[PDB]
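Heads up, the chain below is alone and in the form deposited in one PDB entry; it's given as structure tokens.
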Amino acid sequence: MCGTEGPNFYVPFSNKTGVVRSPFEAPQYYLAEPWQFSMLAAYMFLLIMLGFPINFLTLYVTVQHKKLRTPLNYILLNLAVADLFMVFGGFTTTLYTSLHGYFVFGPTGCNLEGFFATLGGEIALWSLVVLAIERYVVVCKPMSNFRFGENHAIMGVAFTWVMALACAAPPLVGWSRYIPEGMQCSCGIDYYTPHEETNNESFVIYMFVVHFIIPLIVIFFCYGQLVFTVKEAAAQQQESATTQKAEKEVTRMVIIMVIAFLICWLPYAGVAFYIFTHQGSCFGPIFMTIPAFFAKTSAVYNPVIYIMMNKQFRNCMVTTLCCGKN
């Protein structure tokens, strides 16, 4: 008797006192004090105020600078759009619901907010996977007669949308489901109940294998091989101080990107490990949503790492912000 069940929700709070209410109807101030809902709102406001400008500016400077519109940069624009889906499908709705203390848009809005927020995060995840694959192909040259062009980059972008849809769409039609989660102000995949009517168990396995294990392996393999190839070529040209300088910065950047990916990935692994190692206590709204809570900031630091640290985008952003000068 850990929470309270109802049609389309699971409030992680016991109803022996009789105070639990539908998260679609009344504020959940027994899960958390009102000031903590306000802090959830303040957190959403921070993500909005940092997330929108950085990601919109990425799309904007690409319009003004011809040299950014190269096929290898298409996946980065896809990343920027995905973060905007998270900013407007998730953060802004959650800022609005948190100030009410519950999900005021009903079960239909729960599927909408759940779908688009899950879609945004999925497109971003697979954009990082596709970018790793593309860089591996260009550098390690595993295909002998291959040249990466416009059609290939479009293929990679469409691939992320397909992978994002095959995660975000099944809960709309009977495999798992979308319900309020955590403090019940935002909606997502039901990892919290074993709803047999929608076969939640098998969807969690499928999420774990395809959308969690595989992205980590691909990112690690591609960047591992890329670093190996680059170190290998630089070893054959140690008389070039710039070759060694480029090798050091490629390695340093791959380390930064892998560590950033692990900072978002490991919390899920730790919490899932705890849920399956102990598996004997009730998990409050906060605990099993802690990985999701901190993974939201990826809408801010991913464009910082993949775009603002790119030498091209940075100078074009400075030129755009400073009205064409400097």
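All residue numbers are counted from 1 along the displayed sequence.
If you look for the form solved in complex with a partner chain, you will not find it shown, but the lines that follow are about it.
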Stretch in contact, per heavy atom within 4.5 angstroms of the partner chain in the deposited complex, of 135-143, 79-87, 179-187, 117-125
135-143
Check whether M253 has any heavy atom within 4.5 Å of a heavy atom of the partner chain in the deposited complex, and answer yes or no.
yes
Contact test in the deposited complex: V157 vs the partner chain, heavy atoms, 4.5 Å:
no
Look up in the deposited complex whether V230 has a non-hydrogen atom within 4.5 angstroms of the partner chain, and give yes or no.
yes
Closest heavy atom of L226 to the partner chain in the deposited complex, within 4.5 Å or not?
yes
Is every one of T4, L31 and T93 within 4.5 Å of the partner chain in the deposited complex, counting heavy atoms?
no
The partner chain: the contacting residue among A26, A269, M257, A295 in the deposited complex [heavy atom, 4.5 Å]:
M257
